[PDB]
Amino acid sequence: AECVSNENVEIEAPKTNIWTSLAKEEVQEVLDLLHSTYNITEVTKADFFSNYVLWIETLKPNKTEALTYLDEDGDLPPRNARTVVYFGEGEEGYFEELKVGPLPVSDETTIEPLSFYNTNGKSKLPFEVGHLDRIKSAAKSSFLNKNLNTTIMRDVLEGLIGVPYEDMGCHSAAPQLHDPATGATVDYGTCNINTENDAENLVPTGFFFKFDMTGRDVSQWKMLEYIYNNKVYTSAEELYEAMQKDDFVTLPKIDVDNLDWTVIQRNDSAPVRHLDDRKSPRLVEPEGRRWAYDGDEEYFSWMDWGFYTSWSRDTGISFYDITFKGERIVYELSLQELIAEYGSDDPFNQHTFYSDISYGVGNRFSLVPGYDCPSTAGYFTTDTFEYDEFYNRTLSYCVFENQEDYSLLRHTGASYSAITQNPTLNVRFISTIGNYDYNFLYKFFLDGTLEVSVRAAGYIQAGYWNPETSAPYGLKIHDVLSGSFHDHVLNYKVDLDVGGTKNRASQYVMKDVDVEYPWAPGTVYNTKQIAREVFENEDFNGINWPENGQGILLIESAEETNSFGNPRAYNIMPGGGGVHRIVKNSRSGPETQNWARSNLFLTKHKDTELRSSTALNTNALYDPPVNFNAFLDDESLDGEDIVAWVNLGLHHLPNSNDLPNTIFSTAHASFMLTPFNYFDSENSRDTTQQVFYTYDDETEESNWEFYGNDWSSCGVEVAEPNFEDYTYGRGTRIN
């Protein structure tokens, strides 16, 4: 007999998604208004002296107006755009952030400087510390080719590396290094061997260079240094001549004829493991899908949870208005920034401190059905706007119900067994940013717990192994390859509003203590106690997870209690990857990523403290648009709207198990938000996905209660994934 089929369920969201990305039509109206207001050049025709548009996206509503709309029948918040435009028509070039609205475009619409969420109080980012945009990238690539493809340098490179200039690629370290004291902007660079399989990061040559790129006039840019085997040369001629001498040491060259060790996919001449000719297990939905959605509003419901999603170019997916059993628990949950900070003996990796939101986390590729997500997943389309084009991205994120490999709870005793299954709602997106693949998962449980996790995979940014200097910074993982040591750190804005906005943050500290008890006078016991301590003010040092896990961190309602007098609370519980940066004082990130130095921070919510980083931060080393430390000014948190900024990380020291790629299983970080006296009891008990087995002692009869779930054998069709929907590329573009 066939399993009972059910159709996918669609619902109407309670409210409008006021956080959603701009519609194509809204972007068009904004772009038109900009073109009519300013002299805007198309990006394909633009240079450092043109004006052109970079970005146009939603300027999300402020919280109080949002909550008045959601909870108190207020007006829709004004619909506005944030745009970033490069202005090069003046004596000095700069990027400027501008607000355009309200939308749709009407007689009330204005264009104004936008700076309220920048701690530095500026709408304008100077050229010298500007975004590494398509224009600046093209100029740098042209400048490098001009210098490295001369007759002499062609010879220097081939002689040192072993392949001609055509067979390598030269490129610059990020961030650039602007010195506000001198006005100079310099950058380092290296070369990697070209590959057919995107494995250039595994073949670094150990040839380095340094250049000055100060000012908008590229005719004045100059190569400063060539660096090779830890020696500095101040001209091509000096290096060429050094190489002709008999005392010159040339480091071992990459074996470019044998690069099969860089290849990810299966070698079809490899033997197959026993039984690997049988397909691996599959998750199926015997009675159809158990989550619902509003397609227009990107609102989701599952087992008494509800939330809206939003998408941005900088960060990818965000969540708003997360409710459980009819009560908002989180106003905003949003990934803010991802960094990768390397330590090295060499001037390329030692100067690498990536800000992934500068590149964009939300402007990448589709998910591969069946593999990136289970075949039971639903897929959603999002969009972004960059450089004159609207990008529609299908299969951008997925939603699926998992069956976890362990039950949610159980007990056996007194002639019964009671077990509850553990289905979870899962939202995933994957962001492949060059070499790295980041896999983001949000997992919701039946009791009101949410787990936020990240895993990493892809190609490592390796380094040339120099036996004299490389050992303190990495392991030798191939003939001339070091697995360069680096930190990954990610920041999440977790705007918990537990039993309303007015909250307190507390910790239950656990300690061993010597006590005497009234029932055994004179006898000292070494025992353990808890002590509740309130986080009364913003702490500049942040909060690091306690030694030996001897504490619990809570966000409590300031006024609401459960039936036993306990403040309603949620526990922020670290899972794996509760680490922060090792390095304290980076020349490549002095003030640009100051949230990354502790496990977590608690601040008073402000609309002006929207975000802990920006896409414009990375090259603004000393005066970034957002300096996170500006948020930390000793404000009372004692009965206030608190935001937690929670970090996840990994200290990655690649070894053989990272070649050809890093694996997701061991590169993992997570935290949980779990109810703590939030209810009077554990709130999964109403699920039907449980069994109650009883045995009668006298009659020797067993009884099985399955609460309406029929476990009888039935037939299902195991459906083919929507593979046809997957095409390579970073979105379908429309100029």
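Residue numbers run from 1 along the displayed sequence.
Looking at mean Cα B-factors across 396-404 and 513-521, the upper value is held by 513-521. With 488-496 and 80-88 compared on mean CA B-factor from the PDB entry, the stretch scoring higher is 80-88. Comparing the listed residues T662, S358, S141, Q550, the entry records the largest Cα B-factor for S141. Taking the deposited Cα B-factors for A377, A174, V186, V218, the highest one is held by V218. In the PDB entry, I433 places in the middle third of its chain by CA B-factor. Sorting the modelled residues of the chain by their CA temperature factor places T44 in the highest third. Per the deposited record, the Cα B-factor of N594 falls in the lowest third when ranked against the other modelled residues of its chain. Ranked by Cα temperature factor within the chain, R266 sits in the middle third according to the deposited record.
The entry lists a Cα temperature factor for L33 that places it in the highest third of the chain's modelled residues.
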